[PDB]
Amino acid sequence: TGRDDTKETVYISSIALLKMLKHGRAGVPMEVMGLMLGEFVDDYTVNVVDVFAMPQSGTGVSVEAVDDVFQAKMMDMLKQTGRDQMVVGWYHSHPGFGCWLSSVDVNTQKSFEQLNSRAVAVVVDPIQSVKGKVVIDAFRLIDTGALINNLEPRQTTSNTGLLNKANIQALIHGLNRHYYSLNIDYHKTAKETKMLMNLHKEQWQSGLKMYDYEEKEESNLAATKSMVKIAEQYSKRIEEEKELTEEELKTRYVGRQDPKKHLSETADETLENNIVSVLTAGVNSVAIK
Amino acid sequence: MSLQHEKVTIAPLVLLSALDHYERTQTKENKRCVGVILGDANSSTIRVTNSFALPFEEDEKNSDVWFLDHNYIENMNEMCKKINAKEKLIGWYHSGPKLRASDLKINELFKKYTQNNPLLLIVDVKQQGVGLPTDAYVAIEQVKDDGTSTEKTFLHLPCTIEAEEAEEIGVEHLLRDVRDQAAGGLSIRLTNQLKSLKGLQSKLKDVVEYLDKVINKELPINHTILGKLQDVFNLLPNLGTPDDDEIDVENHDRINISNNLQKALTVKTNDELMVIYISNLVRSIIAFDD
Amino acid sequence: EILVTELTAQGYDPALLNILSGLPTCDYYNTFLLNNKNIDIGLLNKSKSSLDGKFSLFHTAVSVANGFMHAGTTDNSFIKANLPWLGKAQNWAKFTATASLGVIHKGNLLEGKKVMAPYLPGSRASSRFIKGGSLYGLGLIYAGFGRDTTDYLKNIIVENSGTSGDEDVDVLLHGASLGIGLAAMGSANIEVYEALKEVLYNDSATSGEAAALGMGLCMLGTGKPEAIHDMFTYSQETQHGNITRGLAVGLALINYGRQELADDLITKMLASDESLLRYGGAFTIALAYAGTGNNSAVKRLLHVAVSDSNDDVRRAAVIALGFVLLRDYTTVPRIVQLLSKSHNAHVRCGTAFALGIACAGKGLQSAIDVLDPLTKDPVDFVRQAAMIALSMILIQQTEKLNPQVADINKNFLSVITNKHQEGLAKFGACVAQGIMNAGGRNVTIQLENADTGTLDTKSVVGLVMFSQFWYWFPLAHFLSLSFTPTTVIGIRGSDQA
Amino acid sequence: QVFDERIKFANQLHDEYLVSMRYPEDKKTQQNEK
């Protein structure tokens, strides 16, 4: 009777990830969902290798919008190219709400939880991934008898400490009384690192192209006028600056917003702009000539 | 069928999707994986969002014999709309390492699907190149002015990227390198300069042996390359012009601003010289008292 | 192992040759600890109240902590007091608890089997964690003395290496493999290397990580090429992170003390695309040049750390420094003052470990001061390391011999008392508390002996295994090999009393 | 030609600033006065 529940972590590959993000953004604010194709290995590795949508439904997250019916169609299509694997759970998109599981999401998850004990549920916020961050969390329900027995400590075996939440109060109400969340790591290859990085062709055309100088004259013009104003703000501060506690001087004789540092900043950021202009210029004189 | 073609922008997802698809069919070791390629077309820039594998067999003694499951594709397209109902057929990817002469016959079969002339997107699976490790071609049928009949032949389209907000941030999210092939600090752009100079050196050298090979390897007189080669010579720089003198007078200008900006820094650093000395002056008294 | 044979054919008295095996020598140390040990039974109660046996992380801390305190004599006071508390845990925490018995009953060779026998297979079938974790704990008792024991444990492994095992068998075989590492340490048994090579080839998930570790412990300081080749390649064969990691850090043990003939390996491991092989490559430098402050070794470790953006790797490279600079522990606080200055958590974690290992002997006021705000940092993983490092540094000094000993002791206690802190912090103070009181305050860590001014092999081996505790808790028990008892034992040279 | 020279003249004063600024600082911080 019973199978143990312990810390896992869901490795979402780059390939997989980009499809959830792309699909979710387009279809939002309507919830899009679909199943996740992958592998289960060892008991700390949920490996999600590929994903694909299940048709967009107005009912949102539901066993009605998945069905074994549509999934069998999708499977036979993947089967013939020999890319079929084993289904590791399901994903869904909240329309702008943080990652937690609803009562209906949990009930979808319970249908799957009978079928594989390690099956995971993944909330994507593709409308929170307009940041630098990517907001996606995965959860897994803990059995009815165990929560009552307080086997919450059981769930913290086989990690060394990496816990950090991105939400509380909706996240933290479901977490104590239903589910235990899993952390997500991201997997890449070294080929992918180059593709991700290059969003330009200007890495062998950046020594033979640059900006026109009319804009450089706009920027250099603006820079000098500014440094005169900041030099006055900076002279005003150093009327004194021998009275103890830096902070008090900055309020009284305005040194707020650190004009000393501010003038330095404008000097650095324009000084680098010109070194580029030169490096493109000199490459042209000597290569061509 | 539209001829509407200028460029190819490529989602990062495509490159990666096709890299795995090649190794999971397990048509590799000089055996090709050929799949369908999905995206928007009927616009100048062909916008490639996604790709899928197709069951494919490659006779390696004869690349002019292959297996393609025509039925399957129709099945697959219905599933592509679920994902995104702007995905329609736009071509098929090839897994490199480059263009072949067995590709025209494969291209034929892909005309029963696409409303645009079938794209051939070479996804290099080894990552060779000095830009994006993709070439793009499209098959266009055109008369030849040399005296021979109408051929179907592959003209290159440039390779480029553009990306969705979700995809672009995901890229950075996965990635963790600070990148010497894009701009950044001064040192980072110094790496880009040296490379660009060497990039001109590598490519100009390639034209020298290509002109020689037409008359010493008996490649044919291809008028389309050489007309562009002539327009390089017309737009090429000169010397001793008042245009080239104005450049020198602009060198004076910008360096002077840099000169003054440098001198401006030095003022600031000499004040921090002086502040620390005020910090030194206090520390003298404390040393005496103890 | 070979020297005694030569002396046998010179002709000697059999007394000397027992002493060279070391069995008498263990007995003399046993007696010192039986008589003079002073343990804190109110502390045993206090940890028990603060940290729960039904809370699996909390139960690990208390099991480890008491075991180090009670170490060096077979005393059953921990078992009887906490007789209902031990059973409440399960999974690998209850595995840790069974092997903490063998930390307390370390040594006592004649009686080693007697105190472990209610746990050992043949009358244990109730739990698979007990069955395997008693064999691990039996390995600690007989570590470096277990030549006969090697045979007995080997029957069990050969049985299980022809199978892929049940989950009953995997846990059982797990602790057999760490244990036989200990018993057959520094023996150069190619019989054992072959024995464990069969387990690696099963691809069993937790049994294979353990197999790799056990191979490294037996073949310590051999620099054998066959063994090196197999483990390094099996990393690519698997996708398991646990297993891949187990080979990487065991390869460090194998190249102990050859220094630039460990170089070919370092090149392979550092150039590897894998992060795990970079994690282990750092440890290969550490053991190879251990106890020698050569400029070259330390240079490479410093560079690897800053320039990488792999969290596991940054931590490992900085820990490795400490081993290389045991020779001159005067310099460590100045060199790693830099690294604690950089406010990255993993980096700060390895820096506390660098201070702790390097300076584990005589106390330094500075070493203490640099660690002190690192018990205050917001990241809780630094807080764990900082207090454990202070406990390694001041192991049995008096509070009239440096008055910071009593203060720092209360600082660990204060975190535990508090229940408003994080469990990571209460875990850090409690494990550190047992290290601080270790031996009953009779032993100290002897990195380099002053008896001849020479490096100690046992002290180095325990500490590198101990730094894996963050990735597998059972391995904490290896710190017992870094405890070497400090006493003058006078002996009558005519019948040995 | 001229602007180049002034720029290098500035660079030289920067360097002298660096070595001198920290050497007396270093004596005080080492020295006990606490």
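Following Swiss-Prot, chain C shows residues 271-767, kept in their order.
Here the Cβ of each residue, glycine as well, is placed from N, Cα and C on the backbone.
If you look up Swiss-Prot, you'll see C:366-399 marked as repeat 'PC 1'. The feature repeat 'PC 2' is assigned by Swiss-Prot to C:403-440. Annotation comment: Swiss-Prot describes C:445-479 as repeat 'PC 3'. Under the heading repeat 'PC 4', Swiss-Prot lists C:480-514. Residues or ranges marked as repeat 'PC 5' by Swiss-Prot: C:516-549. Feature annotation from Swiss-Prot assigns repeat 'PC 6' to C:550-585. Swiss-Prot lists C:586-618 with the feature repeat 'PC 7'. Swiss-Prot lists C:620-654 with the feature repeat 'PC 8'. Look at Swiss-Prot and you will find C:655-692 tagged as repeat 'PC 9'. Residues or ranges marked as repeat 'PC 10' by Swiss-Prot: C:698-734.
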Cβ-Cβ under 8 Å with the repeat 'PC 4' (C:480-514): same-chain residues at least 6 beyond its ends: 443-445, 447-452, 454-459, 462-463, 466-467, 469-470, 473, 520-528, 531-532, 535, 538-539, 544, 546-547, 727, 731, 735, 745
Helix, strand and coil totals (DSSP H, G, I; E, B; other) for the repeat 'PC 2' (C:403-440): 28 helix, 0 strand, 10 coil
Among the ranges C:366-399, C:445-479, C:516-549, C:698-734, the one whose Cβ pairs under 8 Å to the repeat 'PC 8' (C:620-654) are most numerous: C:698-734
Chain residues outside the repeat 'PC 10' (C:698-734) and at least six past its termini with a C-beta under 8 angstroms from it: 302-303, 306-310, 313, 317, 320-321, 331-332, 334-342, 414, 455-456, 487, 490-491, 519, 522-523, 526, 553, 556-557, 560-561, 593, 596-597, 627, 630-631, 650, 653-658, 660-662, 664-666, 679, 681-686, 746, 748-757
Summary of DSSP states over the repeat 'PC 9' (C:655-692), given as helix, strand and coil counts: 23 helix, 0 strand, 15 coil
Same-chain residues near the repeat 'PC 5' (C:516-549), Cβ under 8 Å, at least 6 residues beyond its ends: 478-483, 485-487, 489-494, 497-498, 501-502, 504-506, 555-560, 562, 564, 567, 570, 574, 578, 580, 582-583, 586, 727, 730-731, 734, 738
Long-range neighbours of the repeat 'PC 3' (C:445-479), counting only residues six or more past its ends (CB under 8 A): 271, 365, 368-369, 402-410, 412-417, 419-420, 423-424, 426-428, 430-435, 485-492, 494, 497, 500-501, 504, 508, 510, 512-513, 515-516, 727, 731, 742, 744-745
